[PDB]
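K.L.:
Residue numbers (the numbering used here), protein chains in the order written: chain R, -16 to 213; chain A, 16 to 217; chain B, 421 to 624; chain S, 8 to 246; chain Z, 30 to 273; chain Y, 54 to 273; chain G, 370 to 603; chain D, 4 to 251.
C-beta atoms are modelled at their ideal positions from N, C-alpha and C, and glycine is treated no differently.
I'd like to ask some things about the structure below.
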Amino acid sequence: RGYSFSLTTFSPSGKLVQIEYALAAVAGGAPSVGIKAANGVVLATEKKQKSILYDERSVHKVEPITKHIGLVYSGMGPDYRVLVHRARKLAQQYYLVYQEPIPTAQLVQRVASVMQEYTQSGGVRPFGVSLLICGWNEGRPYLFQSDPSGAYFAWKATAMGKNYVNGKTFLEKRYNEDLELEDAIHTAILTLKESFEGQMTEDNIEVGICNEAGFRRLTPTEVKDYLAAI
Amino acid sequence: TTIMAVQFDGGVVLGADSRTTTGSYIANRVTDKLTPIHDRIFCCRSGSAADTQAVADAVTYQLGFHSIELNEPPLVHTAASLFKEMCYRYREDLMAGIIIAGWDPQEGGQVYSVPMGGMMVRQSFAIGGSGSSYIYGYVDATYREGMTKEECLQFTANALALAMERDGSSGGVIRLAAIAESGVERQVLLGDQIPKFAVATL
Amino acid sequence: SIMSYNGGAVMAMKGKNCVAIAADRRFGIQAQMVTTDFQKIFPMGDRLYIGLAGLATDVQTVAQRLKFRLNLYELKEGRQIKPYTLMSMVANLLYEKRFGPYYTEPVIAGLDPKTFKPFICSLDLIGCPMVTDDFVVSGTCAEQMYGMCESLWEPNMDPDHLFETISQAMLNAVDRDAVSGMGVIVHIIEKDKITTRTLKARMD
Amino acid sequence: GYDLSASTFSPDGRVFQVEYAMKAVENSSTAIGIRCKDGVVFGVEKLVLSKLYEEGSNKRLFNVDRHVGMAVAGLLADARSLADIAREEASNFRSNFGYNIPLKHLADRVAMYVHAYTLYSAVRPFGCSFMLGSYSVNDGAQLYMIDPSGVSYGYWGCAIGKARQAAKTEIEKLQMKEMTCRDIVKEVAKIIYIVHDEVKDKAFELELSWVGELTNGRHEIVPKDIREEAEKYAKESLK
Amino acid sequence: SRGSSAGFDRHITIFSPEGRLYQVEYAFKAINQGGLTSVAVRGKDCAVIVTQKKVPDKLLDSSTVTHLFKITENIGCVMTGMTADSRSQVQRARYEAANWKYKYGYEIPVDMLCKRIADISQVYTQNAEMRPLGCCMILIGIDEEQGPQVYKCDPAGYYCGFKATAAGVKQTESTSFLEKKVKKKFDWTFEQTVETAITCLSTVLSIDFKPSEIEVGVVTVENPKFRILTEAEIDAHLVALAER
Amino acid sequence: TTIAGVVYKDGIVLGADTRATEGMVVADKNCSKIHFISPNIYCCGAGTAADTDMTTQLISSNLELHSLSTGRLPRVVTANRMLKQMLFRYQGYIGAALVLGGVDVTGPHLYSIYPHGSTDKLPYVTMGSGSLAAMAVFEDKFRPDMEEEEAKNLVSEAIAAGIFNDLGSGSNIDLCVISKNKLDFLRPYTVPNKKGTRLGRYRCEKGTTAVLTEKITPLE
Amino acid sequence: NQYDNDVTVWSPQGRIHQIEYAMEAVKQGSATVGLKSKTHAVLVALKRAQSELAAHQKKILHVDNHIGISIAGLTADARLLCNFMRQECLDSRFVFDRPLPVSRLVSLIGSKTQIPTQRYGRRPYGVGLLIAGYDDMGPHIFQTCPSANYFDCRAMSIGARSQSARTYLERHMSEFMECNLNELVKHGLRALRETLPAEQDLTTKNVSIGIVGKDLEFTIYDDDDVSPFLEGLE
Amino acid sequence: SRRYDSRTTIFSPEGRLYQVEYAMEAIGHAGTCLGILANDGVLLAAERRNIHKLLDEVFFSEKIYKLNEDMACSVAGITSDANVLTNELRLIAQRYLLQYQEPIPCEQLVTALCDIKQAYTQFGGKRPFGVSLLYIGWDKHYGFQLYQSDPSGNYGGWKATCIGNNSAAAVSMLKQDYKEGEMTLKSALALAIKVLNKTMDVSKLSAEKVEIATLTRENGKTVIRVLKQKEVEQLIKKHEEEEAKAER
Ligand SMILES: [Cl-]
Ligand SMILES: [Cl-]
Ligand SMILES: [Cl-]
Ligand SMILES: [Cl-]
Ligand SMILES: [Cl-]
Ligand SMILES: [Cl-]
Ligand SMILES: [Cl-]
Ligand SMILES: [Cl-]
Ligand SMILES: [Cl-]
Ligand SMILES: [Cl-]
Ligand SMILES: [Cl-]
Ligand SMILES: [Cl-]
Ligand SMILES: [Cl-]
Ligand SMILES: [Cl-]
Ligand SMILES: [Cl-]
Ligand SMILES: [Cl-]
Ligand SMILES: [Cl-]
Ligand SMILES: [Cl-]
Ligand SMILES: [Cl-]
Ligand SMILES: [Cl-]
Ligand SMILES: [Cl-]
Ligand SMILES: [K+]
Ligand SMILES: [K+]
Ligand SMILES: [Mg+2]
Ligand SMILES: [Mg+2]
Ligand SMILES: [Mg+2]
């Protein structure tokens, strides 16, 4: 039938340990970074890309939700695909009713709410991912994180996955409010290089950007260009 | 509409006119009423265009899936049975008069009628649609056991042309298909290629 | 006709940096007037109103169910709803009842809460939207209304001229309709204020 | 412990509940099938646990369609339930597609049903293995075997139950591709008598069925007189 | 952490204290229970699947022993791991493809079919009441723009497209062999694709095959319909290899 | 309504008038009947206006979910199937009569879709109360493989025929030109109808309308 | 042990302890005997009486004109199954206007009773039946088990100390086919009497009899109606 | 499956509901959140946990939620759980308004939510919500009001209270300084700052670290405002000036 009891419960000390443990899957994930510039947002991620045998172009970690919103994550890839699909569906449901693209914050709230369900509803575990969601609306950039509990936070810049504590202190000592998007892309890629291991190419990192014109992945060739300086 | 199919030794011939009407407006003058259901199985459609298109799409799905599972070409009899099941079950909500024809390795060329109401019967040759009324006498007098493929094609083109002359709800071009072990051969008779029989002036 | 069981008329009209919305005041049942102060125009924001003609019960239900939805929207979203978005919300509410509709055909009039740009629209009973740059009308005297609007409306009117035009369009339209009238109310919506007036009008 | 539910893998990637269900089949007495030139023959060593039972009680050979026989080993209530599933599948296929279900498709369909009982805490695996046999002019003779995991394969010869290996080794001696059903029945009986442990389990009935050119593609019990001759040949061959 | 366990985290798909899913890990071990290895390779013109064919029992009808499956006319697959699970997954794939064509009017792209099966597998990793399928699916087909495709999905619900890949007992060794061979090759792409696949398999198993001991399936740009090689065809490749 | 489309050498031209009526009154002089489906696919709508709007919006949204998933440009057949399967299910109660045109990896494609769910794939089609007027133009003048400008001329002529000969049609001519390289959404394309000008003035000065009650409410 | 609480849990020996435990409910019931000739099928049952002032529990139940049962195990499960059988019989007469063949009814019991042996949180039926019937294939005695298995019998006994009754039945079963009815019921009684402690005897208070055959619809004999059958156990 | 069911909705041997208790431990560790009722209004003041330098500041608050025209709340505990409950509060309040055409009275909204919380402790086998809430409001039956609810589905009305970190200490200081019937919004504000100053003893209090909302009545309308940082620093300044007076 389905198990109808919660698999996440309170421990005596008031902790929801399944959600902590989901956060440990996130922390062991590949690194992701998001920086909100004055005029846009950049999302960047390391591909845990073993083998030359992988077709790097065949699946993407940086994904469009709408024309104006995109996502990345750290943690479990297959869990992320669930949330990408729901986010897309949520965005379209909103668009059908209101005839306006979903504001980034509204999209984050509805996705975060799905993640909350999986902490309480019967016979399921939480999602082992944290999301970084970027968007542009009301003439302005937004960067949000949504965690396995269903809590969300708005950031100017952050890091998640392996070595994120350090990544965050690297960005503290490097982000400024009046920074441009192109500079921000450079600093995002440097933040990944802090914990990389393996020599970076345009095939083992993935970068997405968000501005007035919309959300899109950078192409391999555009990434190659930013990589020359690094 | 007028639709027709005829069995020969090794295959079948199918044909239709190309007129689709709403009332007495011609909404399509070059309709394709012979729809492929699998590699060597077609259906000729008459009745509601919405109904026969929906039913044919559904059967195509069912038959394709069935065929993959079995890893064999499908039986013409199976295609007809699938049409029949759907046309019979939903006989109160459909207006569909179907001829299923084709070839398979087990039984050769075969023609089945699934008229409105959803009965199914195998026949040497079959006619249907509004125009078929005007060619019962003709096909009854002209049919001969053991016609070749080429004779079946001529017999079909003639019958359809006669129907088309008399039935306001049939017309346009004649679409033909022949189906055999080697494949499907389609053609269109238009304008002066349609068989012609004088109006009987004084 | 279901739509004439109660009678009634609403219209809206665009001016320079202002909009106007008006309604008759009769609530009646076929020939019989029951009351003369029945509300048909409802606030949906400080600078955004909706007017509903048609069957009085559905006028009230739609206004109420719309407010429910709007209040939830505004609490969840940062902010006051944009006019165009209100239209869409209303369209979606009406089209949910596509096969057993509410018998009402609204008009919306307002100013964008951030830009103060004028907006007017109307919808049919199943939610088809229609935006215009001049006027919209809905009710049992729509022909009469169209005739007055087509003849009097001009572009870029100031608030005073807009008030006279919409007032003369309503009064004269309803005076050719047995089941509309018994009073007219007019709201003029500007950036810095709402002016609400009842008109001297025939009471027959 | 890792062996309580079919929805739990062990650390080595096993599903012990399915393995345990297989043990129930392996405790059962032996059934065999042999495909030959013109059909398929089934035999079962049918242990008689009380003399109070009628001849024919607790049959292990079933007709699942007019052209399809089923031979079972394991928990008999589970096997009968599967025979009902097979019957329903053959019936539904005829109603939907308008012709007799091909053996292989029937095998694959019932195998998926068996398989569905190997994924969940909500249900347990079937404690039975079973063979399906048919014959037609178009498809020839076909013999399939399905186990509690839901695996399905085709065979020239097959045996299930506790003397499986001893049976297989005797089946391997036949050139079955060139033999007829009438020749094979005797050899089926012979092999059941060979693998039967007359010391440990005292009394059995031989059950025999076949489907082939000689039955016109109908699955049928072997006639009484032919079964008795085959028993007598098996018994004398044991000497 | 380092192999820690709490509560029921080895019995059902809940997180362990390191954030692992042991039940999913165990499903990968189930793939090897079968004892078989499969290889798949793609070039500019074709994609190929090769797997071992083991018929230990003489009494088996060896024509019914296969791990190669037609999904649609144009999509083929090799299954590795628990057999009944595999068959189930093949049926689901066939259903998804047929459904896609009925709804959308064109054939499902290989990448989308792989994603769909992987998404269905994901659900078994998050819901407690059923196990994952202990099998892995490799799909081949021709995409009209991108050319020959090889895609793989696994019991974690991960999926990826590949130049070449493998599955089952000798997966790691196959992966090593294939990596070493593509680096050598210009524009990192295989050219002799059926030979690479068979050679890879033969090296990592140390066997030198007879034609009855492997199965080979192909799709080509000129001939997109999935095709299974006969014994004689396979023999021609074995003999061409043996002779240099 | 008069809506139409043509396949030309390099693409599709869609056309529509801009009148909406309620009964035998014009409600909208400038409504938009050429609806977005995807960047490479558009659809003209005739029949019950809320049904055409809602149907095209829903399919456009499902197609966007489809294309987001596939990463590819959608196909015209896919929009056709989705529209026709939904319309069939509703048995003609969704009164949407559509002209669907676009350009995909297989080139240009044009379909007419009827409320009950039948579709016809054809090189020219017309729908709406003006459809026979527009079809007469097409039968008289269509040629295969027209150039862009010829095709646009023919479609606007055909819409004009409906505008002038059908009481259900009027006001402006909108076109949408779709090729491999270009999308030209031409709203309006032509404005062959105009309100005559007003000869007298009725600029009624403040105080003309007598007022019973007044309330000013100041806002922020 | 970890293997004995759920009917869905196979043990490592290929057994299902919940089903075996359900069978103990029948072994602890009072004994009943079923036997047949060419023309009749008979049931004989011992009724256990709670106190010296209790009637004695019903053991024998009418199913249809041609079918009756004897029960051993949980009485509430017996009634549930008996009501299922009754309904199956009524269905067949309603639809086909003829009696439900006995072997078909027993098949339906097997299929119905197997289902809960395979689903979590369900349990086997804790009852065993002897089924006496008469149809076109003559008289029958069937036995049904909590395992959902069933048996076609020349004769049978289930319940406490039924081994003794089974032994007696094997000893005399070659006589049964040719027995007149009185003879056959006498045999049923003698078999049942072997199950008793040596002191004690068959009485009109503890014996219940059910008979069906060619000339005779399923009939139950209790109390004073068993005396003709009990006298001349000579 | 009985083996895996942790049985969230059963009694323990002393008649306790362990989950509920455990959820109450989660709350006690969350951000301190106080509510104070005055004659002219009601307020909420909360410790912000969203305080890292790189956070963006995009909403008008972190933990203060508008429920309807006349009511707001704050929360202590699991944030995602609080989002579910506050969404539900807004729904309830609109259901009422739809049905009666007047605002839901404060105690009625609280009780409706509390009945949902209660259900989660009694049936359905799910973990309870790990949230306590403070509700501020005005209605025409009892005027200015302050309520508190917890994961048991229990609630009460208060003149002043506290939930979250150091609650016990905060309530002691309230017990001592709060003047029943004589508080103004201005003196409640001073007291709120005094209390947070003591109970955020990790460490020195700052405007970036607290959120304050006021609920007042102006011209027959409820006004709900979140104080700007300028005002919060001013109150902190005033409290620090005040403690300079404390000896002489
Ligand atoms: Cl449950
Ligand atoms: Cl998606
Ligand atoms: Cl959007
Ligand atoms: Cl992109
Ligand atoms: Cl058609
Ligand atoms: Cl017909
Ligand atoms: Cl017909
Ligand atoms: Cl017709
Ligand atoms: Cl025509
Ligand atoms: Cl509503
Ligand atoms: Cl076995
Ligand atoms: Cl299809
Ligand atoms: Cl190569
Ligand atoms: Cl289509
Ligand atoms: Cl129209
Ligand atoms: Cl008993
Ligand atoms: Cl009992
Ligand atoms: Cl048993
Ligand atoms: Cl017993
Ligand atoms: Cl409110
Ligand atoms: Cl309210
Ligand atoms: K004609
Ligand atoms: K699971
Ligand atoms: Mg009037
Ligand atoms: Mg009057
Ligand atoms: Mg219909």
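Shorter than 8 Å from the beta carbon of S/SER64 to some beta carbon of chain D?
P.N.:
Along the fourth sequence, read from residue 1 onward, the residue named residue 64 of chain S stands at position 57. Not one chain D Cβ lies under 8 Å of S/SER64.
K.L.:
What are the boundary residues of the beta strand (DSSP E) that R/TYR147 is part of?
P.N.:
Your numbering for residue 147 of chain R matches position 164 in the first sequence. From DSSP, R/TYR147 is part of no beta strand (DSSP E) but of the alpha helix (DSSP H) over 147 to 155.
K.L.:
Please classify D/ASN222: does DSSP put it in a helix, a strand, or coil?
P.N.:
Locating residue 222 of chain D in the eighth sequence gives position 219, counting from the first residue. Coil.
K.L.:
List, from N- to C-terminal side, the alpha helix (DSSP H) runs of 4 residues or more that fit wholly inside the segment 444 to 509 of chain G.
P.N.:
Those alpha helix (DSSP H) runs which fall completely within the segment 444 to 509 of chain G and span 4+ residues are 444 to 465, 471 to 483.
K.L.:
Could you tell me whether the Cβ of S/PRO109 comes closer than 8 Å to any Cβ of chain A?
P.N.:
The residue given as residue 109 of chain S occupies position 102 in the fourth sequence. It does: the Cβ of S/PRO109 has a partner Cβ on chain A nearer than 8 Å.
K.L.:
Which residues of chain B have a Cβ atom closer than 8 Å to the Cβ of D/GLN97, listed in chain order?
P.N.:
Stepping through the eighth sequence from its first residue, residue 97 of chain D is reached at position 94. Going along chain B in sequence order, the residues near D/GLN97 (Cβ under 8 Å) are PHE488, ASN491, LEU492.
K.L.:
Can you confirm whether the segment 111 to 124 of chain D touches the segment 87 to 100 of chain D when touching is taken to mean that 3 or more C-beta pairs between the two stretches lie within less than 8 Å?
P.N.:
At 8 Å Cβ cutoff, the stretches touch.
K.L.:
Quick one: does D/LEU194 have its CB under 8 Å from some CB of chain B?
P.N.:
Position 191 of the eighth sequence, counted from the start, is the residue given in the question as residue 194 of chain D. Cβ-Cβ to chain B under 8 Å: no for D/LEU194.
K.L.:
Could you compute how far the alpha carbon of Z/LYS58 sits from the alpha carbon of Z/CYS75?
P.N.:
The residue given as residue 58 of chain Z occupies position 29 in the fifth sequence. The residue given as residue 75 of chain Z occupies position 46 in the fifth sequence. So the two alpha carbons sit approximately 31 Å from each other.
K.L.:
How many angstroms separate the CA atom of A/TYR158 from the CA atom of A/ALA178?
P.N.:
Looking up residue 158 of chain A in the second sequence gives position 143. Looking up residue 178 of chain A in the second sequence gives position 163. Their backbone Cα atoms lie some 16 Å apart in a straight line.
K.L.:
How far does the alpha helix (DSSP H) with R/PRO61 in it extend, from its first residue to its last?
P.N.:
As a working note, residue 61 of chain R is residue 78 in the first sequence. First-last of the alpha helix (DSSP H) with R/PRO61: 60 to 81.
K.L.:
Under 8 Å between beta-carbons, which chain R residues line up against B/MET509? List them in chain order, please.
P.N.:
If you number the third sequence from 1, residue 509 of chain B lands on position 89. Within 8 Å Cβ-Cβ: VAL80, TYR81.
K.L.:
Compare the C-alpha of Y/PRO127 against each of Z/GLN81, Z/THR80, Z/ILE137 and name the closest.
P.N.:
Along the sixth sequence, read from residue 1 onward, the residue named residue 127 of chain Y stands at position 74. Here the closest residue by C-alpha is Z/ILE137.
K.L.:
Residues around ligand 1, please: the condition is that the C-beta lies closer than 5 Å to some non-hydrogen atom of it.
P.N.:
This selection yields R/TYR(-14), R/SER(-13).
K.L.:
Could you name the residues of chain Z that S/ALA118 contacts, counting a contact when the two beta carbons are closer than 9 Å?
P.N.:
By 1-based counting over the fourth sequence, the position of residue 118 of chain S is 111. The answer, in chain order, is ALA113, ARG116.
K.L.:
Does the beta-carbon of A/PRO120 have 16 or more other beta-carbons within 10 angstroms, so that it is buried, or is it exposed?
P.N.:
Here the question's residue 120 of chain A lines up with position 105 in the second sequence. The residue is exposed, with fewer than 16 neighbouring Cβ atoms inside 10 Å.
K.L.:
For Z/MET159, which beta-bridge partners are listed by DSSP?
P.N.:
Numbered from its first residue, the fifth sequence carries residue 159 of chain Z at position 130. According to DSSP, Z/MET159 bridges with S/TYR127.
K.L.:
Using a Cβ cut-off of 8 Å (strictly closer), state whether Y/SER114 contacts chain R.
P.N.:
Along the sixth sequence, one-based indexing puts residue 114 of chain Y at 61. Chain R, which has a Cβ nearer than 8 Å to the Cβ of Y/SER114, makes this yes.
K.L.:
Cβ of G/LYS407 within 8 Å of Cβ of G/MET546?
P.N.:
Taking the seventh sequence and counting its residues from 1, one reaches residue 407 of chain G at position 38. Taking the seventh sequence and counting its residues from 1, one reaches residue 546 of chain G at position 177. Yes, Cβ-Cβ distance for G/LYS407 and G/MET546 is below 8 Å.
K.L.:
Can you give the Cα-Cα distance for Z/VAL94 and A/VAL126, rounded to whole angstroms?
P.N.:
By 1-based counting over the fifth sequence, the position of residue 94 of chain Z is 65. By 1-based counting over the second sequence, the position of residue 126 of chain A is 111. Each residue's alpha carbon lies about 37 Å from the other.
K.L.:
Output yes if chain D places a C-beta closer than 8 Å to the C-beta of R/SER(-4); else output no.
P.N.:
Along the first sequence, one-based indexing puts residue -4 of chain R at 13. Yes - at least one Cβ of chain D is within 8 Å of the one on R/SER(-4).
K.L.:
Please report the residue range of the alpha helix (DSSP H) in which B/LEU475 lies.
P.N.:
Counting from 1 along the third sequence, the entry for residue 475 of chain B is found at position 55. Unbroken run through B/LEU475: none, as it is neither H nor E.
K.L.:
Identify every run of the beta strand (DSSP E) within the segment 74 to 104 of chain Z, keeping only runs that are complete inside it and at least 3 residues long; order them along the chain.
P.N.:
Qualifying beta strand (DSSP E) stretches, in chain order: 75 to 81, 97 to 101.
K.L.:
Residues of the segment 513 to 541 of chain B with a CB closer than 8 Å to any CB of chain R: list them in chain order, please.
P.N.:
Listed by position, the residues of the segment 513 to 541 of chain B near chain R (Cβ gap below 8 Å) amount to none.
K.L.:
In the segment 136 to 159 of chain S, which residues sit with their C-beta less than 9 Å from some C-beta in chain Z, listed in chain order?
P.N.:
Taking 9 Å as the Cβ-Cβ cut-off against chain Z, the residues of the segment 136 to 159 of chain S that qualify are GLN149, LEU150, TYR151, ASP154, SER156, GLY157, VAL158, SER159.
K.L.:
Taking the Cβ atom as the reference point for each residue, do S/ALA196 and S/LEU221 lie within a distance shorter than 8 Å?
P.N.:
The residue labelled residue 196 of chain S in the question sits at position 189 within the fourth sequence. The residue labelled residue 221 of chain S in the question sits at position 214 within the fourth sequence. Going by C-beta atoms, S/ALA196 is not nearer than 8 Å to S/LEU221.
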